[PDB]
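First comes the structure, then the notes that go with it.
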Amino acid sequence: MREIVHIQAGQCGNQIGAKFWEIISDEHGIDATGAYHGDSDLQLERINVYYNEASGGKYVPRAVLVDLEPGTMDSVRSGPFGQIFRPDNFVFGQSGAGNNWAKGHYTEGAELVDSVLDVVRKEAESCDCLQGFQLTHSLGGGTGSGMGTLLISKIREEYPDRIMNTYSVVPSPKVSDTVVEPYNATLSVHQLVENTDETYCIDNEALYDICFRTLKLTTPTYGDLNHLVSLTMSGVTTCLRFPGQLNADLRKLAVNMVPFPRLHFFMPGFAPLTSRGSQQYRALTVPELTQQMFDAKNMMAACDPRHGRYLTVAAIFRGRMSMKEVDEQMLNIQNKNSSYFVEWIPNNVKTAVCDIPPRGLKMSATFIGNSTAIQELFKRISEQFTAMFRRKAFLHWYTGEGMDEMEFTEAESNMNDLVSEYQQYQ
Amino acid sequence: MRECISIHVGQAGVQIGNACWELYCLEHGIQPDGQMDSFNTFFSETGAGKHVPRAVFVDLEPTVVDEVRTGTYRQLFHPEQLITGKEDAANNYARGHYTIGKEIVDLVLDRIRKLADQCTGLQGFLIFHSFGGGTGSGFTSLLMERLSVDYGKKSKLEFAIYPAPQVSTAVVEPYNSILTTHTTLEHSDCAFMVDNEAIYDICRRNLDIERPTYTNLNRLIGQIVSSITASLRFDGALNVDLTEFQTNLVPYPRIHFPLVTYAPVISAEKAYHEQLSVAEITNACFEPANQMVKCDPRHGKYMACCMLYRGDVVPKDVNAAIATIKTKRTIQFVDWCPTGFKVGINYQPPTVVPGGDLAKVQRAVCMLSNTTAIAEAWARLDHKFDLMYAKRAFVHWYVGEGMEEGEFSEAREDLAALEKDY
Amino acid sequence: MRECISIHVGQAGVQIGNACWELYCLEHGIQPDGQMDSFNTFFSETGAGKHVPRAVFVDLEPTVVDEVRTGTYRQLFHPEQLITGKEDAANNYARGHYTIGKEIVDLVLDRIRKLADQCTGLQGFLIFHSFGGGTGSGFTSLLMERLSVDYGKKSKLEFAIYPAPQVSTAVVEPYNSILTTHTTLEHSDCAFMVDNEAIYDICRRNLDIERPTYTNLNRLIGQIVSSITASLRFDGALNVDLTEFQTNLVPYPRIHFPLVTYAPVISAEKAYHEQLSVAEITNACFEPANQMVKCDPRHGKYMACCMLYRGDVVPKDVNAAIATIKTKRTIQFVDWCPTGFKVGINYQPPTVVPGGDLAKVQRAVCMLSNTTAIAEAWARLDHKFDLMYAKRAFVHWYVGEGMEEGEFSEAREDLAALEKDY
Ligand SMILES: Nc1nc2c(ncn2[C@@H]2O[C@H](COP(=O)(O)OP(=O)(O)OP(=O)(O)O)[C@@H](O)[C@H]2O)c(=O)[nH]1
Ligand SMILES: Nc1nc2c(ncn2[C@@H]2O[C@H](COP(=O)(O)OP(=O)(O)OP(=O)(O)O)[C@@H](O)[C@H]2O)c(=O)[nH]1
Ligand SMILES: Nc1nc2c(ncn2[C@@H]2O[C@H](COP(=O)(O)OP(=O)(O)OP(O)(O)=S)[C@@H](O)[C@H]2O)c(=O)[nH]1
């Protein structure tokens, strides 16, 4: 029931999806091979949403692995929990777009679109009812963005009624890892305003600073980023996967977060996040989390909501507490953060609770909010695009793949209209 | 001999129906399978020592129905009266009213019609649902008009979970609430209150339950419906029918939205600390905070007051207490409604559950009126609707179900006319 | 004793006529050859145990006529009533109206005139065609004015396959539709709806036929015409004539375009799941989606409503159901037309086919009215015509048949005046 098919693009996307899958194996009591060992019926009652009916009392993730190179392929398969995936879900290229959107979308994507559509259709038909999709990729990378755009386009033209979310990784503003990454973000967003119902923006430097300061780690790594990503993962999907006094699903969140079809970018959230010698001393209560719900420190996608205005807030909780405390806390949050909040969307806090807490924590809290802070990020991206497109630098790589000038012109015009609409809302 | 039909739509409706049937089963001694003549108002005699509820469980999502069909009361309920959906409206009135409701309304209409066929003494219909839930708004409304057109003037009672002013599961709750209220207004014979926040506050301060759960709410509904239906399920000094309930509180079809309140809500340790006398329990229940409605009734005028005493309650004490209630100026009434008092006395004491918040008591009273304070909540909801629809937000969701904004607007003006009719 | 004449033009018209004659033959027990007095309204007594249809099959292309003359019903139909063309108009109104229609209109006029000669009780004419088809537009129109000028005030009924707003076999369909509508407007006594997309949707959701075929459409027309003609072909409590149909729905000659709807369309397995009572079937049929027209009638006002019950239907139940239909506010009527209700009761149950989508039932009702929602479709067609003629596209095709653009323009303004006459 309400089956969700996972598709992962790029090396970062593949690592994120894998880490998710081990986290789901923890949450649902699944070992490294696939056998179930959970101590409660709640883990295994709704295992079919992310697993399929496997013979011998086994379960395999409903995942699709896509890449243009088998290097991360082999590392993921040979890594932990690599035997839980059938070899068929691993489909890879042999060239690699080299961080180019046009190459991965047209040149090498031409011979991978058939495979990805075949596997996603097999996953959809082999299941009872596909509630929606979830994709992970990086907009900074060129190939991963191209696979994301191609898959969202094909899903929209194939399943226009089935909603989804895309967990794209926007490149960090502070670091220019790829010279042609502004093109990648440009084209990915131009396709996202058009083929995606809602999108969460995940920015690198914000999670980097969180791991550095909030978690108090001197050696941040991709592992902690994937861990927090998997926490966001579980926080969003626990309402559908696990029983709750206030049951919710991705459709509820999409209805509660999208006021306009083009206004669908939101910035996810997780809490509490404390270290060993603070957790045993911190208050394990709701106020310690509500002071952590709204802050630029434990903040996800690097643009401060204080400068802008929140559109609406969604809060999911997992633990043992009553509901009225949450309601009064949300009311106090409005009362004190009225200036930072929007005046014409009263009671803009979406409140739901999943009964089952995650493994190892008796609360986790996932802050799903939307603010006009992403306007700054989009405007900076647009001005950067104008800056190095005025010089017409690095255009040859794209024009060699069948590109054109005014195409990029309407792309930048689309982001201009999007940022203008967001400013008008502000 | 006579019967009644209870209708449960949505998660809240299904849970409410399950709790009410739990009450009706434990009150009459029904084991989870159905064994050991007033109990025939809700159960049917077939075979040997058998009873089944006269109810239909329907929801666009099969989660709550699956939960019901996994309890120890699987044998209690017929399997065929449980209806499982596939596409939940997800707090969308239009979705559950057109997209999924229209193709599954037929079987339910159809077989509640048989439930009426074998119940020739059908007193009325009981409907339990939630405004906030898209299913509990849309499907409930459409089946309400279907009931009206397939039964004519048959009495129908509605129990709706109105979202609280500051408690809303969905932000799109004003759309569903306004749409369902405008749609079923002409046919809603009588619709009540449920304020979740008021329930939580009363449970935390009266029952002193710092950590309550929706089970408390479930019998909050269960005890209310039990007190209402005690007259039909048990004899008394002056029994009250469903028809008289709408006769007293609907002189005009526009205003048929009375609020409900119970007395008392006291735990066993506090029940040791207080025994009930008529004057104290009535004056406590008439107190605005004791009401499970988050609207102070003293803001406006009072329409009518109905007392539902159950147990060993003296009618003379009832009259004296009600009179001394009248004289005090905290209670005011409309000029053209001087005598709007109806009293229903029953000899059946209220029934307790093992492990429940309520304490087992030989007497109780049910607080039944239609205050003007409901206009405050209606005006606040209309104002929120105006604010959040002024920029036309979340409208495209209802557009994708295939209608334009017009019907939203004239529903808004219809409810505004209802509000200013006071 | 009396008779009627059915006219079939184009592929759609020929198929519709064949299906209707299949109905009339299986209802009266006619074997494919013509053997085993109300059946004389459509068949003629000559010789011994003989009947032939009173119809003319004509098309500019001989494909459909060849298909008809290859079925097992070759012996059923006279060969001489089948007319084969040579040059199909190919969705061109002017082509089939001038180039090929003018030299083959003579034999058909001429020998339908004999069909009237031996039918002294000619009640009226039945015309089946398609607006989209160039033949079914042009030839049908020209023979319509020829009927008008050769018969005067004789009643004539038209069954036209109007192309749907999003379903169009030809892109040049607005030209043919506007031209034929302007040409035959003054003489069209009564023209109905056919929406192919609405038929498909209803078949897929009501009959639950995921893969229907034009046979379903063929009896969709067949059951409609059977319900219409049951009064003429079978006695009843209050039979209705063709003249009264145009008398009730044409107080003004400009508006004579009523929509049609049937109730119910239910398969045998679903017929087990629902038996018909008057209130439920009428209120289901009045539902906009049950209408086979892709125009919501609640957008505008209602002209008049005509009921055609067939079978064991009680007139008192009819009156009660129709009244409770009136009271509800989902149904509205024009101020100057308060009493526009005519009811026709027949004792003949609707007839079934072996292997057909419809289920064999003893009772049925035909939904007959002229809603204002047809103005929406007319305005949309006029807007599409304005858009696709603004740059003057596909006009040269009609020019090669020898006229200039003027007549196109004044047909557009004539239909605009028709649209604004509402
Ligand atoms: N008082 C009370 N209300 C409840 C309870 N359970 C659910 N509700 C109501 O249900 C609402 C949540 O939405 P639902 O009615 O469950 O919606 P749904 O069942 O998912 O149906 P759709 O929205 O159409 O998908 C809340 O606002 C509550 O008011 C309960 O146990 N007690
Ligand atoms: N409802 C229905 N409509 C049909 C059917 N068969 C054909 N049609 C109509 O016929 C149209 C196709 O064009 P035709 O009417 O067949 O044109 P034609 O017979 O080739 O005549 P010319 O265009 O003049 O050559 C479609 O738009 C349909 O509306 C049928 O079985 N059912
Ligand atoms: N949080 C997180 N970010 C990662 C991880 N791996 C890579 N990234 C980020 O992703 C960005 C590069 O995206 P990537 O997916 O590697 O591009 P690509 O187009 O797929 O690269 P290629 O296959 O063409 S060679 C870098 O900025 C890097 O910081 C990871 O494991 N966790």
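Basis: the model, the stated rules and, where named, an outside source; nothing here is a laboratory result. We place every Cβ from the backbone using ideal geometry, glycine too, and count neighbours over all the protein chains shown.
The residue list C:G124, C:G132 contains one member that is assigned to a loop (DSSP other than H, G, I, E, B) and buried (at least 17 other Cβ atoms within 10 Å of the Cβ), which is C:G132.
Residues being buried (at least 18 other Cβ atoms within 10 Å of the Cβ) and more than 14 Å from chain B (Cβ to nearest Cβ): count how many of those fall in the stretch C:204-219.
4
Selection of the stretch B:76-99 for residues being more than 26 Å from B:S38 (Cα to Cα) and surrounded by fewer than 23 Cβ atoms within 10 Å (Cβ to Cβ) yields B:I83, B:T84, B:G85, B:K86, B:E87, B:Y98, B:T99. Of the residues contained in the stretch A:215-227, one or more are found to be surrounded by fewer than 23 Cβ atoms within 10 Å (Cβ to Cβ), more than 16 Å from ligand 1 (Cβ to nearest atom) and either within 14 Å of chain B (Cβ to nearest Cβ) or closer than 27 Å to A:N48 by Cβ (or both). If you check A:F317, A:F270 for being within 14 Å of chain B (Cβ to nearest Cβ) and of a type in the set (F, W, Y), only one passes: A:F317. If you check B:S137, B:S148 for being part of a helix (DSSP H, G or I) and in contact with a helix residue (DSSP H, G or I) (Cβ under 8 Å, 6 or more places away or on another chain), only one passes: B:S137.
Looking at A:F385, A:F341, can you tell me which residue is of a type outside the set (S, T, Y), over 21 Å from the mean Cα position of the chain (by Cα), surrounded by 14 or more Cβ atoms within 10 Å (Cβ to Cβ) and outside any loop (DSSP other than H, G, I, E, B)?
Values: A:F341 fails: outside any loop (DSSP other than H, G, I, E, B).
Selected residue: A:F385, the only one of A:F385, A:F341 that is of a type outside the set (S, T, Y), over 21 Å from the mean Cα position of the chain (by Cα), surrounded by 14 or more Cβ atoms within 10 Å (Cβ to Cβ) and outside any loop (DSSP other than H, G, I, E, B).
In the stretch B:34-66, the qualifying residues are those that are in a helix (DSSP H, G or I) and within 14 Å of chain A (Cβ to nearest Cβ), and the one that is nearest to ligand 3 (Cβ to nearest atom) is B:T63.
Quick check on C:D382: is it surrounded by 18 or more Cβ atoms within 10 Å (Cβ to Cβ), within 27 Å of the chain's Cα centre (by Cα) and in a loop (DSSP other than H, G, I, E, B)? Criteria not met by C:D382. Residues being buried (at least 18 other Cβ atoms within 10 Å of the Cβ), over 15 Å from A:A352 (Cα atoms) and within 14 Å of chain B (Cβ to nearest Cβ) are represented in the stretch A:253-261 by at least one member.
Report yes if A:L139 is closer than 25 Å to A:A18 by Cβ and in the same structural domain as A:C12 (by CATH), otherwise no. The answer is yes for A:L139.
Taking the stated definitions as given, is B:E67 crowded, with 16+ Cβ neighbours inside 10 Å, within 13 Å of ligand 1 (Cβ to nearest atom), more than 21 Å from the chain's Cα centre (by Cα) and closer than 28 Å to A:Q245 by Cβ? Against the criterion (crowded, with 16+ Cβ neighbours inside 10 Å, within 13 Å of ligand 1 (Cβ to nearest atom), more than 21 Å from the chain's Cα centre (by Cα) and closer than 28 Å to A:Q245 by Cβ), B:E67 does not qualify.
Restricting attention to the stretch B:169-190 and to residues that are closer than 22 Å to B:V399 by Cβ and within 14 Å of chain A (Cβ to nearest Cβ), the residue that is surrounded by the most Cβ atoms within 10 Å (Cβ to Cβ) turns out to be B:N176.
Pick from A:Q329, A:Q375, A:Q334: which is on the phi < 0 side of the Ramachandran plot, away from chain B (no Cβ under 14 Å) and in a helix (DSSP H, G or I)?
Values: A:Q329 fails: away from chain B (no Cβ under 14 Å); A:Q334 fails: away from chain B (no Cβ under 14 Å).
Testing whether each residue is on the phi < 0 side of the Ramachandran plot, away from chain B (no Cβ under 14 Å) and in a helix (DSSP H, G or I) leaves just A:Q375.
Total residues in the stretch A:97-134 satisfying the condition of being closer than 17 Å to A:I155 by Cα and within 14 Å of another protein chain (Cβ to nearest Cβ): the figure is 5.
State yes or no: is B:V365 in a loop (DSSP other than H, G, I, E, B) and either within 14 Å of chain A (Cβ to nearest Cβ) or within 29 Å of B:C25 (Cα to Cα) (or both)?
Values: in a loop (DSSP other than H, G, I, E, B): no; either within 14 Å of chain A (Cβ to nearest Cβ) or within 29 Å of B:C25 (Cα to Cα) (or both): yes.
In short, no.
Looking only at the stretch B:145-168, residues that are crowded, with 23+ Cβ neighbours inside 10 Å, of a type in the set (A, V, I, L, M, F, W, C) and within 16 Å of ligand 1 (Cβ to nearest atom) come to 4 in all. Residues in the stretch B:105-125 that are within 23 Å of B:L179 (Cα to Cα), away from ligand 1 (no atom under 16 Å from the Cβ) and touching a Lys or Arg at 6+ places or on another chain (Cβ under 8 Å): B:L109, B:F125. Counting only helices (runs of 4 or more DSSP H) that fall entirely inside the stretch B:177-296 and contain at least 2 residues that are within 30 Å of B:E407 (Cα to Cα), the qualifying elements are B:242-249. Taking the stretch C:69-82 as the range and being assigned to a helix (DSSP H, G or I) and either among the aromatic types (F, W, Y) or over 16 Å from C:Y24 (Cα atoms) (or both) as the test, the residues that pass are C:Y73, C:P79, C:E80, C:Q81. Which one of the conditions (1) surrounded by fewer than 20 Cβ atoms within 10 Å (Cβ to Cβ); (2) charged (D, E, K, R); (3) within 14 Å of chain A (Cβ to nearest Cβ) does B:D106 fail to meet, given that it meets all the rest? The one condition B:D106 does not meet is (3).
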